[PDB]
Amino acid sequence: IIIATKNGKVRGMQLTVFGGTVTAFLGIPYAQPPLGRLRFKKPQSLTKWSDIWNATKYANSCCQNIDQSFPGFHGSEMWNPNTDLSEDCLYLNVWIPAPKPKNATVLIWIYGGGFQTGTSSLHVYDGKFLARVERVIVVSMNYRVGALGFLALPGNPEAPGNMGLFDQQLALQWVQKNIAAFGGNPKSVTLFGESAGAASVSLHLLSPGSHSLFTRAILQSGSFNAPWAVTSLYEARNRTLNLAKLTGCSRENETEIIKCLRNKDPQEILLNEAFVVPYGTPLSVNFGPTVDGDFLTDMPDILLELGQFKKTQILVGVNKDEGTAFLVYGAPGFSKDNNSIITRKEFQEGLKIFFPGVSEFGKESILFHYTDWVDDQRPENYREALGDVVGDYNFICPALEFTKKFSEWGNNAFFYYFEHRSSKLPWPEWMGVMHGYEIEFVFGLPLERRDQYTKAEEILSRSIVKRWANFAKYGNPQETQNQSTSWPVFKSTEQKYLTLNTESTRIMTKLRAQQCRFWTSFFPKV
């Protein structure tokens, strides 16, 4: 139950899973707590300890604003931190199979949450099912989010930006130096993540300091080229200064602004993050990745376009209804508690909420592309169009474009289209196959026959788990035994992708081709 790591010994705990055993190491620190002088700076190396570190419970989650929009509602509160918030949050978790493996492929999870929220201790990120069922080792880490993680004064090591990305990177580094002691193969490391985590994974494909820290990559519902994923240097500065004046920390020296921001309490910095932008959206990322010239050497669209990234296999995909969850966080006429049949003027009003700084002509162009109906008497027409607008613009089309352009440089790519709505899903049926609700299938929670999934869901989760682990171990997301559809590689010409569902798993081509031509060629110009 004790493992000697390069900075000290850690005690784990035993878990009984599906009539077996998994060894969990919860809450191992991987960096100096970024407190006091260290707030806003890159993570610093952790010095040795002599005792046994008791890694027997999830550590603190990083400071963050909570989603309070639906108190008592499991659909929202399942994403809120299930652990004490604190600035002292740089910890990671390790699940290893029992008995101890000899050279196990490692899966590293990076959670999302708009780069402002999230925590590896969530129930839907529990890595014990994967370790039990597929004998991979699962690693997950907490990284700084919001201004405490991504405040940018470009060039200034007091607040250089991308700290949360560097938190992740130091964690990857920790797996490089230590995972063999747990029986993992540091040469067989697959990053996977969802939404902002997925975008984080894609930026590690771009960052040279990460190229030697992982083998392969899996991108669930996110990528760096998404419109929400990279903050400009203009707006980062404007946001850093609006935070300064909002707290009385306006100075001229710039480094003395950071020193001033370092003596505010975490709460005061969190309360003011909301207002650093004049007009926010349900997809706002007040403080996110920037081109810091350190983690990220150039604007990522250029690096993607010009082949500047780690050459390796990727697994990419999206969910059928990425956009719906955001509609009841601001769009008029929408509610999780009715069927949100909205009118044309409500739709038009919704676009003003999702596209605030966009010209009247840009908003008309969106209306025009999404409102020539196959049948113009359906009352749901505007309700579904707005969800598709948000999903296509923010998730599906950028993921497709990332995959096309990444595969143009000769690496195998696999694209999925997840379209199963979970039987237990707390949100209403009109929200469909929502953002983030493939995650529990990936982590194998339906394999738990107790907690209420249908048997079809167990089968779907069991195949996805196999496909993910085969992708991590061997670079190829096939299920070779049960007579399963082969998953073809995604090539920029055919654009074949795989649908995942409980009924018929099928090979399809050119997902949302009409919508994505509008978003990826036309709309970037308006």
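Heads up, when I say rigid core I mean the largest set of C-alphas that superpose within 1.5 Å between the two forms. Heads up: residue numbers just count along the shown sequence, starting at 1.
Chemist: Rigid core fitted first, then name the stretch among 276-284 and 170-178 whose C-alphas deviate most from the displayed form in 9 other deposited structures of this protein.
Modeler: Looking at 276-284 versus 170-178 in 9 other deposited structures of this protein, the farther one turns out to be 276-284.
Chemist: Can you check if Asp375 is missing its coordinates in at least one third of the other PDB entries compared, counting only those that model the residues either side of it?
Modeler: In at least a third of the comparable entries (those modelling both sides of it), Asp375 has no coordinates.
Chemist: What stretch has the higher average Cα B-factor here, 49-57 or 486-494?
Modeler: The stretch with the larger mean CA B-factor is 49-57.
Chemist: Could you settle it for me: does 352-360 or 395-403 have the higher average Cα B factor in the PDB entry?
Modeler: The stretch with the larger average C-alpha B-factor is 352-360.
Chemist: According to the Cα B-factor stored in this entry, which of the following is highest: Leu85, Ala196, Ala236, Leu219?
Modeler: If I rank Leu85, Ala196, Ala236, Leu219 by C-alpha B-factor, first place goes to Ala236.
Chemist: Looking at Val276, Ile439, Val133, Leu92, which has the highest CA B-factor as recorded?
Modeler: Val276 has the highest C-alpha B-factor of those listed.
Chemist: Going by the recorded CA B-factors, say which third of the chain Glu322 sits in, lowest, middle or highest.
Modeler: CA B-factor rank for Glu322: lowest third.
Chemist: According to the PDB entry, is the CA B factor of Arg517 in the bottom, middle or top third of its chain, that is, lowest, middle or highest?
Modeler: Middle third by C-alpha B-factor.
Chemist: Relative to the other modelled residues of the same chain, rank the CA B-factor of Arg421 and answer lowest, middle or highest third.
Modeler: Tercile = middle for this residue's CA B-factor.
Chemist: Could you look up the Cα B-factor of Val22 in the entry and say which third of the chain it sits in: lowest, middle or highest?
Modeler: According to the entry, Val22 has a C-alpha B-factor in the chain's highest third.
Chemist: Looking at the entry's B-factor column for C-alpha atoms only, identify whether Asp126 ranks in the lowest, middle or highest third of its chain.
Modeler: Lowest third, going by the recorded CA B-factors of the chain.
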